[PDB]
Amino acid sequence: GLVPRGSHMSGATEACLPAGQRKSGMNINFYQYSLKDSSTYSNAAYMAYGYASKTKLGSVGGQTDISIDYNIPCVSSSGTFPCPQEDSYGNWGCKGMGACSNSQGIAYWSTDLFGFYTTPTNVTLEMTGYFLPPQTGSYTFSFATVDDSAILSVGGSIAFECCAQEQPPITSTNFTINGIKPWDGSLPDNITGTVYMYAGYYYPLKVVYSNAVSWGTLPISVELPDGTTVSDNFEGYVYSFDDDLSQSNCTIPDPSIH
């Protein structure tokens, strides 16, 4: 036929063509989360949008390295140094440092998350921006692990609305990756998710991440159509645009027929 038929039952993921000045990287907003609260982050409504009803702590823009790898301090005989969780032992020490005098159960202040001074032990953050596929095909996003709770959403009307990156969060719970901490503890059922994307369109991307205590971990990757994997550093793939709610043609409901 002269034209492609389109994805079945309007199945294509909504994308965007923002006309304004493109900025490299994602915006990261930080919100209050209570130390050792092991329940709030288990609710889908909280992880999709309820986080923004808590106090906003601040923000950083232009972030291309988006994985989280926060290690608490070990106050050791030779000074205070971050302890990789796999090197923690006993009650407690850190391999190569001896016994640690400090508690694993208190808040710690650091700039480890995106250079922003906060409590990485206990915080929720929202990463927003647009993913620009260089290749048409299936993209598989993944979290290698999650400590404590996280979601990833892709698409207009799923992550956020086209040309409206800076607005309060939308209520969609149709997550691309549901990494929400189960009520029974243990691992979420599935921490990949796949999206079919068309080259050159901008796909809204949202990651919401929470830590309640001590270590924080969220190693983010994407497998491209060509089979290669991009991990941690998404430079060249993620961008931000200032809101333009007046750009009438911004939303592309079905990129295969655009």
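One rule holds for the numbers: they count along the sequence shown, beginning at 1. If you superpose the two forms and keep the largest set of C-alpha atoms that fall within 1.5 Å, you have the rigid core.
Once the rigid core is used to overlay the structures in 7 other deposited structures of this protein, the stretch among 141-149 and 182-190 whose CA atoms lie farther from this form is 182-190. Between 221-229 and 202-210, it is 221-229 that carries the larger average Cα temperature factor according to the deposited entry.
Across the two stretches, 59-67 and 185-193, the PDB entry reports the greater mean Cα temperature factor for 185-193. Out of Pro168, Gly105, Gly155, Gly96, it is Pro168 whose C-alpha atom has the highest B-factor in the PDB entry. Among all modelled residues in its chain, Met47 ranks in the middle third by Cα B-factor. Looking at the C-alpha B-factors along this chain, the one for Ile177 belongs to the middle third. The entry lists a Cα temperature factor for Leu132 that places it in the middle third of the chain's modelled residues. In the PDB entry, a CA B factor belonging to the highest third of its chain's modelled residues is recorded for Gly115.
Per the PDB record, residue ranking by Cα B-factor puts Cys16 in the lowest third of the chain.
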